[PDB]
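Alright, two takes on the same chain below, each alone as structure tokens: structure 1 and structure 2.
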Structure 1
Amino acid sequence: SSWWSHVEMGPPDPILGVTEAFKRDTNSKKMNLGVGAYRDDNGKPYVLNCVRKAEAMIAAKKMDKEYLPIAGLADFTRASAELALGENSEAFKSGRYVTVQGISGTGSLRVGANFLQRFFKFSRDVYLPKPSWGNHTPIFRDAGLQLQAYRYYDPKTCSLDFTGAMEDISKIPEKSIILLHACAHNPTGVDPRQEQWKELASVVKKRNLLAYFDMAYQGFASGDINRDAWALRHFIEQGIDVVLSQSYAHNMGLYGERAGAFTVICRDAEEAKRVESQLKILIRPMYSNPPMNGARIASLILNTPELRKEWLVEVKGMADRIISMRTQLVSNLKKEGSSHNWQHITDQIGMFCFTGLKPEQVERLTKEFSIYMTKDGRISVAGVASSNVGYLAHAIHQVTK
């Protein structure tokens, strides 16, 4: 008996673990449809054009590698707030916000949760949608808060249970915390309608709840970044001071570089200055200062007019491709002779499809076809190419037939 004789074998991550299992298969037709990672039409990792050029400017410039302030690159930080808020926004304009570079979306989310654990004195409860991204639970749980839930998806109907959502939300206790996905809800791919959003705003406002927005997919819901930030902006303009986490992993394909941010909307710039100070104190003993490569690339794209415009064409091109794969999948299914209604596939937005396959079917897909996906029936359509869409549809059909 040594120090760790009692430490048990823990299980593999429900999402991340999918790539580990995928890595090992020798089937040359294998497809990794687990994690949400964009693939180009050859079904290959895609580094955006603007990223490649950003990198080149960085090189050419022969920049140092000195430590960044605890809060991140100022240019990156100011530019992210602006991307979420919009440049004409009163909040942005008045400087009633504090944005801090974070370790991608996950990193930002945990900085937020930790912040909240420490300073949100009105409650310990965070309300998550049913269902929500698997990692939201443990993020809030490790930070020290309690998890609760509100109704959201209706599997019978493959859409939003708006009556249920509103019931639950109208009953959450005042001053509690509610988490909302800004756009391209994960994993359902179903977002509230503008009108629907207008109504949630009212109830949140009315019950005096802290709204925590998770904005991991800005530009993937419609293909337009301002349009994808609507609800978030609408909330702030209604007088709701939200907290928000942003990720650049998918919309800029910076996955492993880990670039993201966490923002707090405050009452004044003076308030923002004191929040900033406490966020630095929290981050110092966590990881000291954040990773520079992803933030330098992102800042350069966002702040360089030609790079930004190129970026936006690129985000549009990515979203479009996802659409075409959705379309073709459905068509292939009909073509294979599938009886089922696959309309939800083309109805859903974002990088995935919440298919509805049962765990026995998910299991067969992996073992007979070497198609890896999460156990809840979620598949990343973003990772399908023109060359294997046929393979996918045949498989889905066989296991469903």
Structure 2
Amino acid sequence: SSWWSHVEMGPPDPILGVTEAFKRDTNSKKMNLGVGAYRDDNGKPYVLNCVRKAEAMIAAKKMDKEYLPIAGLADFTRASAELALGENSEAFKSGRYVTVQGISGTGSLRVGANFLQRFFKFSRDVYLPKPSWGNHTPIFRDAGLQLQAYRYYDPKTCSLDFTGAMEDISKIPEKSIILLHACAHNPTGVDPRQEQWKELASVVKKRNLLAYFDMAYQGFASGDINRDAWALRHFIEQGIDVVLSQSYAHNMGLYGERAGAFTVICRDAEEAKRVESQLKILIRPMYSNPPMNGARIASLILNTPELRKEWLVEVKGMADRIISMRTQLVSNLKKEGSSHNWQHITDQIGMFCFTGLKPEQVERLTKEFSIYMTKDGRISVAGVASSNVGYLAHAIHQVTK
């Protein structure tokens, strides 16, 4: 019959708009600063050498394709927890955590959202920083939670509004949920420094808030897996039992294979088995059991010393290329005669950078220079290469001079 006549055409994604225009452009100097995945120095997708080798191992073993347990590959969940909490972590060693494999970071955040909706009886409010990854809204919203926000980004300085953040967080009703980015805040790239993190943890402890860490870039951010997980670990050291989402999309370049994990820090191993049974019950009617390919690759790497070692070098390489590009962009802006302060470009961390450009300026950048970005002045640093950093520098100077 005519069941669907009332379904309206959904709104178009702006990122898709930028990508389509970029593809149409004929100018060979075109840059795509809307990319959400790492690109090497030649602007190409990069499959890690350690993933090629792990894949090669799998094939040689003639593995079956049987269904994985609901919670996922045990070797993968254990390794994920170890990676995040630290091998000599008290939480890890006493077994008071529960980790289940999720569909990358997004599926892992959703399982968590769904878990909180069902069992977190104290509140339905989730406080997100201003701004946050766009998908974070519909994720918590479709799950049944209420969205709240706390000040985070300071447009005046293109850095942390520490004063605004501490004031907001201090007024959060106790036992509410606060979403924190572990590192490489998406989309601004501004992260608290260690001393700021110490103040932040004191207050969440004091106000007895449930801390939900989104850790989508461990290793990929600064090049150091322990450094990137520092604030998460500090929070747990201070006695804050968090919930966390992990993604292997960026740090292992496993994008389409969807490898990720969801973890809950419990009081003890007893309590962990209980929440693990509830997590299994929720997941079965969602998708029954997780996709095995990304987890088998991730597991092999983390668990095989030779591989793990090669992985840390390559993840460091990715991080270093991006720091390199941020470094190069501010020196070339000085070189061009920009009198403006571009240090936020080097203070920011990870793949996304909030530049401070205004909408008028990004339009000119697109129209006249064939540099494609979203109107919020957000740039994907994976889109810059050694061959075009100078150009971008030039282009930025011209629209801000």
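Along the sequence of structure 1, residues get numbers from 1 upward. Each form is matched to the other, and the largest set of C-alpha atoms that superpose within 1.5 Å is called the rigid core.
Considering the chain as two rigid segments that shift between the two structures, residue 97 sits in the same segment as residue 245, judged by which superposition fits each C-alpha better. The two rigid parts differ in orientation between the two structures, with the smaller turned by 14° against the larger. Taking the rigid core as reference, the CA displacement of residue 42 between the two structures comes to 1.1 Å.
Superposing the rigid core and comparing between the two structures gives a CA shift of 4.6 Å at residue 365. A C-alpha shift of 3.3 Å is found for residue 13 between the two structures, based on superposition of the rigid core.
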